Peer 1: 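I am attaching a structure below and will ask some questions about it afterwards.
Just follow the structure's listing: the first ligand is 1, and inside any ligand the first atom is 1. The chains referred to below are lettered A, B, ... by the order of the sequence lines, with proteins before strands, and numbering in each begins at 1.
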Number of protein chains: 2
Amino acid sequence: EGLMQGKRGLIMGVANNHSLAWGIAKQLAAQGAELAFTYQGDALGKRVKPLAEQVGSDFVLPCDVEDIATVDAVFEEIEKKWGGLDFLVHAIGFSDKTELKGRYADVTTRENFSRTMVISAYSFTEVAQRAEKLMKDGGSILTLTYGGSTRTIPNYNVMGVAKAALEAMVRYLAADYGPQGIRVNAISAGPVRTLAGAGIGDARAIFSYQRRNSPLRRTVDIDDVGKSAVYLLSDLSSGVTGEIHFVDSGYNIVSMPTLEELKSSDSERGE
Amino acid sequence: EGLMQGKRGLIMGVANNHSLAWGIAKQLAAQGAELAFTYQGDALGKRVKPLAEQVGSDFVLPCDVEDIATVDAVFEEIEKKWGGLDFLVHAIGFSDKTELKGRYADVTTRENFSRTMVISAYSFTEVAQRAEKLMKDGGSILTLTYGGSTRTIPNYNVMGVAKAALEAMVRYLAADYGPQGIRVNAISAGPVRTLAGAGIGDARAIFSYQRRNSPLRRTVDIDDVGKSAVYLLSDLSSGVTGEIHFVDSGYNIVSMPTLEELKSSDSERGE
Ligand SMILES: NC(=O)c1ccc[n+]([C@@H]2O[C@H](COP(=O)([O-])OP(=O)(O)OC[C@H]3O[C@@H](n4cnc5c(N)ncnc54)[C@H](O)[C@@H]3O)[C@@H](O)[C@H]2O)c1
Ligand SMILES: NC(=O)c1ccc[n+]([C@@H]2O[C@H](COP(=O)([O-])OP(=O)(O)OC[C@H]3O[C@@H](n4cnc5c(N)ncnc54)[C@H](O)[C@@H]3O)[C@@H](O)[C@H]2O)c1
């Protein structure tokens with residue numbers, strides 16, 4: 001009866017119970033999925049193990065996607081225990097925070113660019129390559145992206161470049177794996193804040209703008225993202241592959257803020 | 001348990017058991033929805049009424065969207081019998097078939113342009129306007145489009161122009177209605193052998209191209225489309241509005257046919 005009943009899959013990217021990957025995990029488990037989780041570092045493992053237990057999983061493995069040996073070992077354990085995979089969720093990203101402020105042109109370095117590209121984008125290709133060997137009967141693979149890939153957002157900087165590369169990977173992988181019945185998609189999530197308010201500093205001003213000016217007049221939460229993940233990972237989306245699916249309260253469709261905010265900014269800042 | 005349990009909605013566009021609207025109706029009914037139907041033309045009443053009976057509905061009303069009095073009469077009847085709507089499905093398209101063969105520039109007339117625009121695009125605005133008054137606590141509105149809106153397809157001609165206008169309406173309506181909790185979306189479906197579908201010249205060659213060269217190597221059926229409609233009309237998609245959602249086997253992401261087909265066409269047709 002559940003949308004994922006009898007399906008088994010791997011969730012990469014839970015750090016705590018505010019993670020987008022955790023919202024995805026909770027919705028998948030409610031729909032009957034059997035889950036495995038990765039965690040980055042012993043400290044996070046002690047957080048992820050009890051969260052996994054809450055949704056009925058004791059299959060929790062260490063992984064640092066920058067160290068490909070740990071990734072190989074994850075899929076070796078999945079093959080040993082399950083022998084196959086029905087789905088994979090990639091919800092992993094990183095960039096040096098010092099380069100996520102100021103202008104992209106001023107702050108970005110090659111060292112951060114290359115590391116960001118590996119962790120935030122190429123790791124998706126690497127785990128897709130390994131998942132494919134375990135999806136002989138088809139499957140569904142999902143990653144998380146953000147609209148800074150295709151429209152410029154202050155401070156998002158080299159992460160926007162990394163997400164643009166990630167979205168192209170979604171397309172090439174979907175074209176590669178489609179004929180074997182493996183679907184590859186992304187959710188382009190709106191900004192998420194599980195904490196109250198809009199926050200502090202630059203980030204508060206960027207977040208509150210999206211809250212005030214998205215069509216739904218709210219930011220999505222990790223349950224919205226998780227329910228859309230259930231759709232893309234389940235047979236409901238059997239016709240869908242290569243899709244960059246916006247789950248962002250419609251924010252991507254608008255050009256401008258509300259008329260009330262246009263007028264206040266016009267008077268405050270001038271011609 | 002059903003994703004649409006307790007929800008009531010209107011489906012416009014069933015013509016027979018191959019219609020996209022019918023696949024949508026079957027999936028919604030299987031998720032617990034209570035359904036109302038319109039049908040175009042007296043002779044279609046005897047085809048739509050037994051289909052609606054298969055999903056437990058005899059709320060079936062004539063409607064020709066070109067005659068706004070019949071549309072008003074439908075929504076008046078919904079207000080009297082239900083007092084409210086939870087969702088609306090717009091699956092209506094029309095163009096003079098003589099202008100869906102040949103070059104767009106050679107065959108299109110103003111008379112067909114204006115009638116195609118009213119029936120295939122503006123009727124969506126008209127039924128959304130009427131649905132809004134009956135969705136006091138929110139709702140979801142869905143239409144169906146095709147990728148000929150944004151990439152040219154031979155013979156699709158003024159239907160592509162009408163779908164481009166329809167997709168803009170999805171965005172403007174989503175921006176208007178989002179603050180009151182009404183989501184507005186479209187499915188861009190792959191090709192399906194329907195009555196309307198066969199109206200395009202050389203339908204067979206255009207259809208088989210998408211079959212052979214889509215990533216999934218199949219064209220979607222009305223069950224694929226119906227399940228995606230369940231997603232967009234249900235609470236699973238609570239974070240989604242203004243979205244042109246491709247349910248087309250990934251076809252929109254590719255530039256070219258398969259390498260095998262590229263080589264055969266290269267040999268057969270030359271430089
Ligand atoms: N937070 C948002 O508002 C938002 C919006 C849109 C998209 N996203 C994307 O969603 C994904 C999840 O981010 P989040 O917001 O849930 O934050 P998060 O901090 O909870 O999740 C990011 C995860 O990536 C993991 N990670 C980072 N470097 C890694 C490495 N080298 N090896 C293995 N794992 C590594 C972290 O351990 C963490 O579990 C990211 O890709 C992010 O870009 C987030
Ligand atoms: N068939 C495909 O390949 C395809 C692909 C993508 C999108 N679509 C869209 O799906 C929708 C449904 O078409 P279909 O393929 O299911 O074909 P169909 O022939 O089963 O349905 C088209 C419907 O439009 C109705 N209609 C036409 N003019 C009307 C009018 N004046 N008033 C009321 N209803 C009217 C017809 O009665 C019919 O029920 C259309 O918008 C079409 O453009 C179709």
Peer 1: Minimum distance, heavy atoms only, to atom 15 (O) of ligand 1: which one of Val118(A), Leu144(A), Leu20(A) is it?
Peer 2: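 Checking each option, the heavy atom nearest atom 15 (O) of ligand 1 is found in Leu20(A).
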Peer 1: Check the angle between the aromatic planes of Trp22(A) and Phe37(A) and answer parallel, tilted or perpendicular using the 30° and 60° thresholds.
Peer 2: tilted
Peer 1: Would you call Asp224(A) and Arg218(A) a salt bridge, taking side-chain N to carboxylate O under 4.0 Å as the test?
Peer 2: yes
Peer 1: Do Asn112(A) and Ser95(A) have a side chain donor and acceptor closer than 3.5 Å?
Peer 2: yes
Peer 1: Give the contacting part of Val65(B) toward ligand 2: side chain, backbone, both or neither, where contact means a heavy-atom distance below 4.0 Å.
Peer 2: both
Peer 1: With backbone taken as N, CA, C and O and side chain as the heavy atoms from C-beta onward, which portion of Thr143(B) lies under 4.0 Å from ligand 2: side chain, backbone, both, or neither?
Peer 2: neither
Peer 1: Within the distance-only criterion (no hydrogens, no angle test), does the side chain of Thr38(A) pair as donor or acceptor with the backbone N or O of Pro62(A) below 3.5 angstrom?
Peer 2: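 Checking the backbone N and O of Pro62(A) against the side chain of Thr38(A), no donor-acceptor pair under 3.5 Å is found.
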Peer 1: Would you mind finding which of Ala91(A), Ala189(A), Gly23(A) brings a heavy atom closest to atom 11 (C) of ligand 1?
Peer 2: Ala91(A)
Peer 1: Where the closest heavy atom to atom 2 (C) of ligand 1 is concerned, which of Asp67(A), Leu166(A), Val192(A) has it?
Peer 2: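 Heavy atom nearest to atom 2 (C) of ligand 1 belongs to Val192(A).
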Peer 1: Judged by non-hydrogen atoms, does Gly190(B) sit under 4.0 Å from ligand 2?
Peer 2: yes
Peer 1: Of the backbone atoms (N, CA, C, O) and the side-chain heavy atoms from C-beta on, which set of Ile119(B) has a member under 4.0 Å from an atom of ligand 2: side chain, backbone, both, or neither?
Peer 2: side chain
Peer 1: Within the protein, is there a heavy atom lying under 4.0 Å from atom 17 (O) of ligand 1?
Peer 2: no
Peer 1: Suppose I only count heavy atoms of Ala15(A) and a 4.0 Å limit; which atoms of ligand 1 are within that range?
Peer 2: 20 (O), 38 (C), 39 (O)
Peer 1: Side chain, backbone, both or neither: which applies to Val14(B) and ligand 2 if a contact is any heavy-atom pair less than 4.0 Å apart?
Peer 2: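 Looking at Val14(B) and ligand 2, just backbone atoms fall under 4.0 Å.
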Peer 1: For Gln40(B), is at least one N or O under 3.5 Å away from an N or O on ligand 2?
Peer 2: yes
Peer 1: Could you tell me whether some N/O pair between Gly13(B) and ligand 2 is separated by less than 3.5 angstrom?
Peer 2: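 The answer is yes, given that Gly13(B) and ligand 2 share an N or O pair closer than 3.5 Å.
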Peer 1: Among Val89(B), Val74(B), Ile141(B), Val127(B), find the one that has a side-chain contact (heavy atoms from CB on, under 4.5 Å) with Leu10(B).
Peer 2: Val74(B)
Peer 1: As a check for students: among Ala186(A), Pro191(A), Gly147(A), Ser19(A), identify the option with a heavy atom nearest to atom 20 (O) of ligand 1.
Peer 2: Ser19(A)
Peer 1: Would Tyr231(A) and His245(B) satisfy ring-ring contact (aromatic ring centres under 6.0 Å, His included), going step by step from the backbone distance to the final call?
Peer 2: CA-CA 13 Å; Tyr231(A) 163 65; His245(B) 177 46; 5.5 Å; yes
Peer 1: How close does the nearest protein non-hydrogen atom get to atom 24 (O) of ligand 1, and which residue and atom is it?
Peer 2: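 So the nearest neighbour among protein heavy atoms is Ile92(A) CA, 3.5 Å.
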Peer 1: Using distance alone, decide if ligand 2 has a nitrogen or oxygen within less than 3.5 Å of any nitrogen or oxygen in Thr145(B).
Peer 2: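 There is no such contact.
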Peer 1: Does a side chain donor of either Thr145(B) or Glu167(B) reach within less than 3.5 Å of an acceptor in the other side chain?
Peer 2: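 Yes, a side-chain donor-acceptor pair sits under 3.5 Å.
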Peer 1: Quiz question: by atom type and distance under 3.5 Å, do the side chains of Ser208(A) and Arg212(A) form a donor-acceptor pair?
Peer 2: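 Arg212(A) and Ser208(A) do have a side-chain donor-acceptor pair below 3.5 Å.
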Peer 1: What are the atoms of ligand 2, with element, lying closer than 4.0 Å to any heavy atom of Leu195(B)?
Peer 2: 19 (O)
Peer 1: Assess whether a salt bridge exists between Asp221(A) and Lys227(A), defined as any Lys/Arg side-chain N lying under 4.0 Å from an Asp/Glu carboxylate O.
Peer 2: no
Peer 1: Pairs of nitrogen or oxygen atoms closer than 3.5 Å, one from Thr194(B) and one from ligand 2: do any exist?
Peer 2: yes
Peer 1: Should the proximity of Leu44(A) to ligand 1, defined as any heavy atom under 4.0 Å, be assigned to the side chain, the backbone, both, or neither?
Peer 2: side chain
Peer 1: So which atom in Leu144(B) and which in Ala91(B) form the shortest heavy-atom distance, rounded to 0.1 Å?
Peer 2: CD1-CB, 3.6 Å
Peer 1: Look at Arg130(B) together with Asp72(B) and state whether they make a salt bridge at an N to O cut-off of under 4.0 Å.
Peer 2: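 A salt bridge is present here (some side-chain N lies under 4.0 Å from a carboxylate O).
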Peer 1: Rounded to the nearest 0.5 Å, what separates atom CG in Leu166(A) from atom OG1 in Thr125(A)?
Peer 2: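 Answer rounded to 0.5 Å: 8.0 Å.
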Peer 1: Once you restrict to heavy atoms under 4.0 Å, what part of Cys63(B) touches ligand 2? Side chain, backbone, both or neither.
Peer 2: backbone
Peer 1: If you measure every N or O of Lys163(B) against every N or O of ligand 2, does any of those distances drop under 3.5 Å?
Peer 2: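 Yes; the residue has a nitrogen or oxygen that sits under 3.5 Å from a nitrogen or oxygen of the ligand.
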Peer 1: For atom 31 (N) of ligand 1, what's the nearest protein heavy atom and its distance?
Peer 2: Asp64(A) OD1, 3.0 Å
Peer 1: Which of the numbered atoms in ligand 1 are under 4.0 angstrom from any heavy atom belonging to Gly93(A)?
Peer 2: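 Taking each heavy atom of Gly93(A) in turn, ligand 1 has 24 (O), 27 (C), 41 (O) under 4.0 Å.
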Peer 1: Within the 4.0 Å heavy-atom shell around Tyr146(A), which atoms of ligand 1 are there?
Peer 2: 6 (C)
Peer 1: Could you state the interatomic distance from CZ (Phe94(A)) to OG (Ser123(A)), rounded to the nearest 0.5 Å?
Peer 2: 12.5 Å
